[PDB]
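Enquirer: Before I ask anything, here is the structure I am working with.
FYI the Cβ positions are ideal-geometry reconstructions off the backbone, even for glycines, and counts take in every protein chain you see. Basis: the model, the stated rules and, where named, an outside source; none is laboratory data.
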């Protein structure tokens, strides 16, 4: 067997894995990143309204 | 598999990473989070007393 | 299609022909349809959705009841019922406000269960005004 | 010699256990389909759709075992 | 010779496991059918059709196993 | 000779597993029939019709295993 | 003539699987019979009739396995 | 050497499977008896009278397998 | 030497099979006992009586197989 | 060879079957325990005492096999 | 030759047991999915997401055996 | 030779039983997970938490078996 | 000498079976534990306590079998 | 390179070690038997990933603000909240150790598993052809010694807390009298509770290992046996599948460590 061919096949397999992660695993993360702050985001503003 | 000195060498790294995480990493992070939650707490307080 | 009746001692709440309905239950809501098995059923706080022939809908909150189903003519013998325009989102907030008061009010476990049911009722009212917007 | 009849026995073990798994997992799944059908004749096509979805998952391993059983048996 | 003995043992274990799997799989599916018919017998012709539709998939593999068990015993010998 | 030793054992595994599949399959389907009969008597003959319909399908693969175990025992060995 | 020892092993596997299949088969069928009797005790002599009719089918294949295994154990060995 | 040895192995497998069959089949039948007893305890003496009838059929086949197990160990040796 | 040394394996098979049969048949039966107990908890001593009734029957065949296994170890081998 | 290795294999069969039986029998019995404890959350101390009564019987028969297996490994082999 | 005729059986054991495990485990989970989807159809997309998630959990462990089974059969031969 | 050959079979049996045990085990909990969610959709993230708790407990022994399977096959071979 | 091959097989059988029994026993008991939450939301700290108490009993014998299997593979073999 | 499928798979399970009694690197085929022979590559990546972890977290922790956090600061406060939530739900004691312990287990095990997704030859190829090292394989959790080292750590914590929170009198009571209560059963009860207690952490370590060893092996198999034009279509589904495994194994090792210390102490 050609070991360089195994590295070729592994390269293509990594590329296609990256392409799935980018489209299905990362955006749930950037969603949750924005969401973490967003879930209690208005909370800080709500505290000042009571003083008003 | 084969027992080896790695079983001992890795235990040092683990214990030391836990001690440093306990002192340096965890208290300042939880301090910043709780300081935020507390502050969103206190605004909701003022409303009840003022209205009464 | 089939017909459903809905009543409480204080009033008839709805009656008419329905292509379909969705109804609260004990272990959560269920869909109901002409072909559904004749399931006599208990009810916890929630709503019923009333989709009449040619697909036109109404959205009723229920305090509680029982959904007998011998026939295709089915009935809900509700303990108390209010529709999603007979209540409003402010009235559902008043139900929630009463629930928050009841949570504050006492230590007793059955009182606490009554307060928790009042919360579930209040959120079911809010949900029915959301269903009414839908 | 002794080699070939033992190959036929190994193929029989793969394709037999595959028969058990593919039969019982669909018996268990189809009974729930039939009770839902008897409860919801209105959603037989919808439930049947879901039934094919999961059926494809149940069959996934047994068909590998069957394809290898045929290989061991006839191609080696 | 011994080759026959081992080929008969292979066909026997293949058909035996096929018999267990196929008969218990249909006994479960059918118990569900008979209960759904008892609850309301108006659907017997309808459910008995869905019954055959599912039972078709139950018997797919076991009849591959039987077809090859028979082949091993009568043509591999 | 060595042939009868292994050929009887092959037949024995064949009809033994067939006895498992046929007894468990009819045990489950029959228990559902008897509960249905207790639940709604006077529907016994209708349910019995359905029970014979499903029972014919349950006994299919086990009877092939029986017929071939009889063949191996009283024909091959 | 070593042949005698394997025939006892083959009869042992036939009668062992037959005792498992017919005992768990009648255990499931009878448990459904007892729930039926606990619900409708005035129906018990009717359910016993249906239970003996189905039980005659549960023991069809196992009494063949015990029949031939007892034959193998005495007549052939 | 291994002829008398294997006779003991055949008895071990015969009684082992009969012990699984009888234990499981009575476990299932007695569990449904206990659940009918819990639902209608004042009816227990009748259901108990039905349990003793069904249990005898459950145990009848597992006890002929044991009898042949003792025959293989003591008489055939 | 192998003639006695394998009798330890014969007893191993006999009583290990008995152990799985008994432990599972008692698990099923006691499960239905504990559910009956939860449904009517004033009733426990009566149902527990019926449990001790039928459990005796569950363990009889396993217990004789355990006794014979121990005999095969300490007396024969 | 044949003396020591088979004794370890016998031990392996005795305590592997005892692992199957003691683990599955308590998995089943304890699930019924947790079901009753959910229906009647005032009963948990009573039901757990009943569960210990039943669990003792479940574990007693496998413990014979486990203790004897340890005997076979240390004292015999 | 004598060496290789057993590696196809090591493969057969790994892929048979992993096919039984993965198929019945997914059968158990999927029927519960179709049941809950029958009670509240609005949830069907939600439940479908939970269904594939837990199915990803169930199938992960049995698949490994099939992977090495392909290694053994086509690389170890 | 057998010191090489048998190790592959021993690993095969280790990863076969590991695959059946792990695949069958969590399916019941996954079932109560999906039906419970369909019944009480408000509690889903809570029940999901509890699900993870019981799932991480079901994995210990099958992962012991499969990890040592890869040890037997690759390190000692 | 050949003897070492059988020791790995013996540990293989005893540990594989212990993985079967601990996986299914925790599956069943942990599904009843999850299921118990449907009716009420005031029991997870209690039930999780009881669950660990009974689960401790479920895997113990499997863990014994595995511990002896480990001793056989590494120390004895 | 002239490696056969099986031979290359071999060299992909072959390991490089350093003999502490001679400071020699270890040959592709001739290991020293002495256990003082450190698996250097897995130590190197293990400690470097743990260093990276502590540098990344300290760089935020020394600056973190309770206003609306920055994009990076948010991704750390998320995992902090996620870990705290898991601890608070399962542990009710006063001890300051348990929450950072949970954190370090989660993030370090996570980063160690993350190595498995890379192309299996990338770093080994560079380490042989650029650096000239006689072997490399990079996934740290894919070797027993680290996972048992972490498990033995947790076992020492389990012992400490069962001794501290309830003493030798209580621990000896629980270990002897349960489950059969009567003093008559103490010799048997010792067996039943002892094998359970000692197997729980050892099982936790090997529980993670039994996944990452097979994980890497599966990638090795797919890269060794199949031709390149069919390697990709069968590798990619395993990589996508193994993402869920790495995430669950990290979560599991954390959660189970909290479960064990909670059940031990309270």
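Enquirer: Taking the stretch C:96-124 on its own, how many of its residues are in contact (Cβ under 8 Å) with a residue 60 or more places away in the chain and more than 22 Å from the chain's Cα centre (by Cα)?
Expert: So the answer is 0.
Enquirer: Here are some residues: D:38, D:18, D:12, D:23. Which one is over 30 Å from residue K:48 (Cα atoms), crowded, with 21+ Cβ neighbours inside 10 Å and in contact with a helix residue (DSSP H, G or I) (Cβ under 9 Å, 6 or more places away or on another chain)?
Expert: On the way: D:38 fails: over 30 Å from residue K:48 (Cα atoms); D:18 fails: over 30 Å from residue K:48 (Cα atoms); D:23 fails: over 30 Å from residue K:48 (Cα atoms).
That would be D:12, the only listed residue that is over 30 Å from residue K:48 (Cα atoms), crowded, with 21+ Cβ neighbours inside 10 Å and in contact with a helix residue (DSSP H, G or I) (Cβ under 9 Å, 6 or more places away or on another chain).
Enquirer: Scan the helices (runs of 4 or more DSSP H) fully inside the stretch N:15-118 and keep the ones with 1 or more residues being within 20 Å of residue N:148 (Cα to Cα), more than 10 Å from every other protein chain (Cβ to nearest Cβ) and within 16 Å of the chain's Cα centre (by Cα).
Expert: Once the helices (runs of 4 or more DSSP H) in the stretch N:15-118 are filtered for at least 1 residues that are within 20 Å of residue N:148 (Cα to Cα), more than 10 Å from every other protein chain (Cβ to nearest Cβ) and within 16 Å of the chain's Cα centre (by Cα), what remains is N:40-61, N:98-114.
Residue-by-condition table, conditions (1) more than 30 Å from residue N:13 (Cα to Cα); (2) surrounded by fewer than 23 Cβ atoms within 10 Å (Cβ to Cβ); (3) more than 10 Å from chain K (Cβ to nearest Cβ):
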{"residue": "L:25", "(1), (2), (3)": "yes, no, no"}
{"residue": "L:28", "(1), (2), (3)": "yes, no, no"}
{"residue": "L:33", "(1), (2), (3)": "yes, no, no"}
{"residue": "L:36", "(1), (2), (3)": "yes, no, no"}
{"residue": "L:42", "(1), (2), (3)": "yes, yes, yes"}
{"residue": "L:49", "(1), (2), (3)": "yes, yes, yes"}
{"residue": "L:60", "(1), (2), (3)": "no, no, yes"}
{"residue": "L:68", "(1), (2), (3)": "no, no, yes"}
{"residue": "L:77", "(1), (2), (3)": "no, yes, no"}
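Enquirer: Also: Tell me which residues, restricted to the stretch N:28-40, are in contact with a helix residue (DSSP H, G or I) (Cβ under 8 Å, 6 or more places away or on another chain) and farther than 17 Å from residue B:8 by Cβ.
Expert: N:28
Enquirer: Next up: Failed condition for residue E:14, given (1) surrounded by 24 or more Cβ atoms within 10 Å (Cβ to Cβ); (2) within 7 Å of chain D (Cβ to nearest Cβ); (3) over 18 Å from residue D:70 (Cα atoms), with all others met?
Expert: With (1) surrounded by 24 or more Cβ atoms within 10 Å (Cβ to Cβ); (2) within 7 Å of chain D (Cβ to nearest Cβ); (3) over 18 Å from residue D:70 (Cα atoms) applied to residue E:14, the lone miss is (3).
Residue-wise test of (1) over 30 Å from residue L:75 (Cα atoms); (2) under 10 Å from the mean Cα position of the chain (by Cα).
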site: B:8; (1), (2): no, no
site: B:21; (1), (2): yes, yes
site: B:28; (1), (2): yes, yes
site: B:37; (1), (2): yes, no
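Enquirer: Does residue I:20 satisfy the criteria of being farther than 14 Å from residue J:61 by Cα and at the interface with chain H (Cβ under 7 Å from one of its Cβ atoms)?
Expert: When the stated conditions are applied, residue I:20 does not pass them.
Enquirer: Name every residue in the stretch N:93-113 that is under 29 Å from residue A:37 (Cβ atoms) and surrounded by fewer than 16 Cβ atoms within 10 Å (Cβ to Cβ), in order of residue number.
Expert: Correct list: N:96 only.
Enquirer: Follow-up. Restricting attention to the stretch N:137-176, report how many residues are farther than 18 Å from residue B:11 by Cβ and more than 11 Å from the chain's Cα centre (by Cα).
Expert: 17
Enquirer: Can I ask one more? Output the qualifying pairs, or none if there are none: Cβ atoms under 6 angstrom, residues six or more apart or on different chains, first residue in the stretch B:36-52 and at negative phi, second residue outside any helix (DSSP H, G or I).
Expert: Correct list of pairs: B:36/N:66.
Enquirer: Of everything in the stretch N:3-33, what is loosely packed, with under 14 Cβ neighbours inside 10 Å and closer than 14 Å to residue B:7 by Cβ? Give them in sequence order.
Expert: Correct list: empty.
Enquirer: Quick check on the stretch B:28-52: of everything there that is more than 17 Å from residue A:47 (Cα to Cα) and exposed (fewer than 14 other Cβ atoms within 10 Å of the Cβ), which residue is nearest to the other protein chains (Cβ to nearest Cβ)? Talk me through it step by step, then tell me what you get.
Expert: Step one: of the stretch B:28-52, the residues more than 17 Å from residue A:47 (Cα to Cα) are B:28-32, B:52.
Narrowing the set further to residues that are exposed (fewer than 14 other Cβ atoms within 10 Å of the Cβ) leaves B:31, B:52.
On the way: B:31: 8, B:52: 13 Å.
The qualifying residue nearest to the other protein chains (Cβ to nearest Cβ) is B:31.
Enquirer: Can you spot a residue in the stretch C:94-101 that is out of contact with any helix residue (DSSP H, G or I) (no Cβ under 8 Å at 6 or more places or on another chain) and under 26 Å from residue M:38 (Cβ atoms)?
Expert: Scanning the stretch C:94-101, I find no residue that is out of contact with any helix residue (DSSP H, G or I) (no Cβ under 8 Å at 6 or more places or on another chain) and under 26 Å from residue M:38 (Cβ atoms), so the answer is no.
Enquirer: With respect to the numbered conditions (1) surrounded by fewer than 23 Cβ atoms within 10 Å (Cβ to Cβ); (2) within 21 Å of residue A:10 (Cβ to Cβ), which one is the sole condition not fulfilled by residue N:199?
Expert: Evaluating residue N:199 over (1) surrounded by fewer than 23 Cβ atoms within 10 Å (Cβ to Cβ); (2) within 21 Å of residue A:10 (Cβ to Cβ) leaves (2) as the failure.
Enquirer: Which residue, of C:92, C:81, is over 30 Å from residue L:34 (Cα atoms), surrounded by 15 or more Cβ atoms within 10 Å (Cβ to Cβ) and in the same structural domain as residue C:123 (by CATH)?
Expert: C:92
Enquirer: Between D:66, D:54, which is closer than 18 Å to residue K:39 by Cβ, within 7 Å of another protein chain (Cβ to nearest Cβ) and in contact with a helix residue (DSSP H, G or I) (Cβ under 8 Å, 6 or more places away or on another chain)?
Expert: After ruling out the rest, the residue left standing is D:54.
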